[PDB]
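Input: a single structure, listed below in structure tokens.
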DNA sequence: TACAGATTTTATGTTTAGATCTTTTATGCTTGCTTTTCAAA
DNA sequence: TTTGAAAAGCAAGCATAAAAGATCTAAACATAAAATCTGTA
């Protein structure tokens, strides 16, 4: 309004999955890698509630916060103004 | 006490057909035996054709699955609307072993169990045709070194909508690792019951891109093009051709109840037709008259109850406006060619106009009322052949003595009852259940469950239990209850409790509490606590 | 395919292949990121449709061939119930994404004998957009009440819909299809009053379902956000 | 016979199963265990 | 108190908000105290005396339904009985005294396995062990056991394919009192009985008490059951089923 | 007596079904305040 | 046509149910070497 393509949700889904794969987002209250084999074996026999709801409703948390995003994104980047809330 | 146990087997002592005598007990036993034999010869004639239709649809489904399956990526087949009951048989490709591996969501708690079950099945099949190994994907790596031949694995996933899609996804990328081996071919079969848009949003996009390289949709169900159904209906019509009539209300009830079931509508149709045939051969004494052998013993009761007919009354009113047993026999030789008309119209739609997507039950409905033209106007191809394809529904006297009809509400009481509503109307009314004939108490005092259900219905969503007890207590006559509890003098403790001045406050309270726990067992009420029992809330509203 | 589109119609062949790879990268690097495998899959999917538009005029100039095969570089293209069940699913979404206090304002259409005031509805429009959050939990009787409120229709005809055995059979089938979820996933007791219910499908599927039977489910969410 | 798993490191002691109560006919038939 | 009573209007109407000045905070402390013996005595007096004659008249009315029940059982339909009141005496009198010797005479008694769903101790493994003690089926091979499968369900699935090719004679009368009872309503237990109900050689007679019991069965389970529903309301006391629910 | 095979005993590993406790989050009651249609004049 | 007044809505706060899951165990399923029991011989 002040061009840049708008991508649809169908195409932003793959970007979201790559961002989950690159460890930018974590699932909410996720234990992650277990300490020993017995606890990992117990975890493998349990169906977590995040794996049964659709992916658009799964809760995620940031590994990098927006204040850290503003520090290392260059000021000549076109999305740099949106790193400040 | 065996009633206080879990399961007990008993052997009854012993010191033959379930058909009863009709005509208010005046029907002979030979007519009962004949009606039994005629019901069985129609029932077996219908179900033999049902068996041949079921075997044919299974064989055709196997043939099209094999045709899609055999015509560095998976060969993916999506069977849409599949109830996971198909037996998928594989041909014996020369110099190569074809192995079927079936996977259930109960058999798939995680990826490790999926691989271990798959590799145990593979090793068991390979040893059963042609030292042990680790049940692991390295067996796929060394399959040619251990068995000499190469391998073709066909994975059939039973009930994919109920599986954990993360586990299935990780199993698909795990199976993708077998593409680097030269001697391995992998096919996947997904039995989908909802549609493909539900399963493309639960898998990851890389998995979709992996599955896109070789995939085939196949929408195989029971509602696909109405073919299998119409064959069952035509088999039933050919069973009853020349002897029995189908009412339009019966056919529309079949259409309405078969609309409400999608996955298993075929055996529902067989069930409704079966119960209709059972009802006709249990109710009607004229069921022995569907063949001309048994027309030699028509008695006075038969002539009495065939004279109470609307068609006969219209016919004799027409004759007295214009102008008995032999005349009743005279209405048996006629054809009623509506079934032949329906099968001729179906054949003309099928192999002349190349129209397959028609419902023969709804076609028979429109032929029964007479609105065939409005049903045939939709295809826009029978504009010039509508007059030859149309024939007037003939009216035959004494048709309703040989008729599958739905007017009493029997077929919607035994097969599709209003269960919750039946419980509610039994609890609220209660004089429609118990007969109105403790001789004084039954005419003034309600049963405790029916009396409680009234105050249940007229209260609010949360009910205090003590005020509900008080409202129960005001509906009971204390003097008649104390008189009835003193009727038996042979029980000493009852008499010594009745003369105690708070006896009615004991009696009404314990009848109230046994009704409350009865309501809790039926599921009408619940408690809004675990440690307290002071407030209930109701879960059942009448009329829903 | 490339050696059949030439004959039936090596440096230049490499030029066409490299130009196609550069066009795929330029169109879809924003979509794939720096993934080699995703771009390989897109090259595999879009190569034969690009070959099928190469003529003798498009082989020597890249701009006319890019204009002729433009549709391959705007979209990714990497993709593959009864009336009672559909209205039960729609009622489940209504029960999961509306508040129970506002039900008496939307569905109540009965004439009153005993004097009583209907619910006023929500006072102010909130901006939460509740379809972006996880669904809430509801009971069976609210589901059946809203189901007969929204189901399609002299003294013995009984206009409303009864909760007979086929409605419950369809609801059990919906739970079997994992379109309705419970709090329990294993050893589920269906008859317990402490078991609650939620919809398991998003908005993009109920839109297709509601428009397959022509139900205005988007009017029901227009009073908020 | 194809085995669903293998226990290839079983080390079983040579210890018998019949107890002391079943190696004599009766209580009065038990000899002097000191000798 | 409300303008509507029934339908969804009554449901939404009776779910209002009640102010704390009309909270009705009465409790069960303000009640005449009772213990087990007098409650049992006066209760059994009202069960054996109050409205006994019209209940017996209704029972004699529904004795005439028994040939229709037998005719439904010989055609492959399973019987499910519902209604307000207990149905234990109905099923025990119909299956043992009437159905078993007349089925035995019509095929020239038939054993009756009776399951108590009100008891929480009912278990599908012991019940199927008694089933295999009665029917003595062929034992599962090694290939049919698969990999840690449920041996009960796999052996019933073997029995289904075996009993398709047998003569259609009823070898066993299975009675399930309170199919919707607490331990007995579970999905494994219902799967086992649906798979048994596929077998034509076993007659299934069952009862139910919960008003939400059709929610227990999906399309596959209802197809395997193949029920004919019968409303028998009789207002029986439910003396035996209440013994696993302390009423005090 | 006496040895070969079948069955039992004892011992351990594998997988599924389910119970119990802990922690964080949803929900329902309470009190106060403000909006809004409803039977009566 | 108004008119006050009770039904209903919104909000904060706190006690409490309930979901989610971490941890663990019993039981079903499975294998297996040594001892023990039949069974002829």
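Residue numbers (the deposited numbering), protein chains in the order written: chain D, 424 to 425, 447 to 529; chain C, 16 to 30, 38 to 93, 100 to 158, 179 to 371, 388 to 501, 510 to 616; chain E, 214 to 222, 229 to 299, 324 to 396, 407 to 478; chain A, 356 to 390; chain B, 236 to 343, 357 to 496. For every residue, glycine included, the Cβ atom is placed at its ideal position computed from N, Cα and C.
- Contact with chain D is absent for residue 239/C, since none of that chain's Cβ atoms lies less than 9 Å from the residue's Cβ.
- In the DSSP assignment, residue 409/B falls within the unbroken alpha helix (DSSP H) covering 399-411.
- Contact note: residue 151/C reaches chain A through 357, using a C-beta cutoff of 7 Å and chain order.
- Counting along the chain, no alpha helix (DSSP H) covers residue 221/E, and no H or E run does either.
- DSSP places residue 265/C in the uninterrupted beta strand (DSSP E) bounded by 263-267.
- With respect to residue 210/C, residue 133/C sits close: the two C-beta atoms are nearer than 9 Å.
- Residue 582/C counts as buried, since no fewer than 16 other beta carbons sit within 10 angstroms of its beta carbon.
- Shown here for residue 108/C: same chain residues with a beta carbon closer than 6 Å to its own, the five before and five after excluded, namely 240 and 267 in chain order.
- With distances taken between CA atoms, residue 420/B lies nearest to 380/B out of 434/B, 433/B, 391/B and 380/B.
- Excluding the 5 residues flanking it on each side, residue 311/C has same chain C-beta neighbours closer than 8 Å at 109, 111, 241, 269 and 270, in chain order.
- Residue 377/E reaches chain D at 497 and 501, counting residues in chain order whose Cβ is nearer than 7 Å.
- Excluding its 5 nearest sequence neighbours in each direction, residue 220/C has C-beta neighbours in its own chain below 6 Å: 255, listed in chain order.
- Looking only at 480/B, 328/B and 390/B, the smallest Cα-Cα distance to residue 356/A is reached by 390/B.
- For residue 363/B, the CB contacts under 8 Å within the same chain, skipping 5 residues up- and downstream, are 370, 375, 422, 423, 424, 425 and 432 in chain order.
- Within the segment 412-434 of chain E, contact with chain D at the beta-carbon level (separation under 9 Å) is assigned to 431 and 434.
- Per DSSP, reduced to three states, the secondary structure at residue 360/B is strand.
- Look at residue 219/C: its C-beta is not under 9 Å from any C-beta on chain D.
- For residue 512/C, the closest alpha carbon among the candidates 549/C, 478/C, 457/C and 542/C is that of 549/C.
- Bounds of the alpha helix (DSSP H) holding residue 461/E are 456-465.
- Neighbourhood of residue 252/C in chain D, by CB distance below 7 Å: 461, in chain order.
- Going by DSSP, residue 291/E is part of no beta strand (DSSP E) at all; its letter is neither H nor E.
- Against residue 308/C, the close residues of chain E are 325, 326, 327, 419 and 423, in the order they occur along the chain (beta-carbon pairs closer than 8 Å).
- Look at residue 147/C here: in three-state DSSP terms it is helix.
- Residues 434 of the same chain have their beta carbon placed closer than 6 Å to that of residue 457/C, with the five preceding and five following residues left out of the count.
- In the DSSP assignment, residue 277/B falls within the alpha helix (DSSP H) that extends over 271-284.
- Within the same chain, 118 and 200 come within 6 Å of residue 126/C by CB-CB distance, once the 5 residues on both sides are set aside.
- With respect to residue 436/E, residue 455/D sits apart: the two C-beta atoms are not nearer than 9 Å.
- DSSP places residue 451/E inside the beta strand (DSSP E), whose first and last residues are 450-452.
- Burial check for residue 334/B: the Cβ neighbour count within 10 Å reaches 16 or more, so the residue is buried.
- Counting along the chain, the unbroken beta strand (DSSP E) around residue 205/C starts and ends at 198-205.
- Distance from residue 607/C to residue 516/C at the Cβ level is roughly 31 Å; contact not present, criterion being Cβ atoms closer than 8 Å.
- Beta-bridge partners of residue 239/E (DSSP): none assigned.
- An exposed status is given to residue 55/C, since fewer than 16 other beta-carbon atoms sit within 10 Å of its beta-carbon.
- Using a Cβ-Cβ distance cut-off of 8 Å, the segment 284-297 of chain B and the segment 594-606 of chain C are not in contact, since fewer than three pairs of beta carbons, one from each stretch, lie closer than that value.
- In terms of CA proximity to residue 447/D, 522/D leads the group 527/D, 529/D and 522/D.
- Collapsing the DSSP output to three states places residue 367/E in coil.
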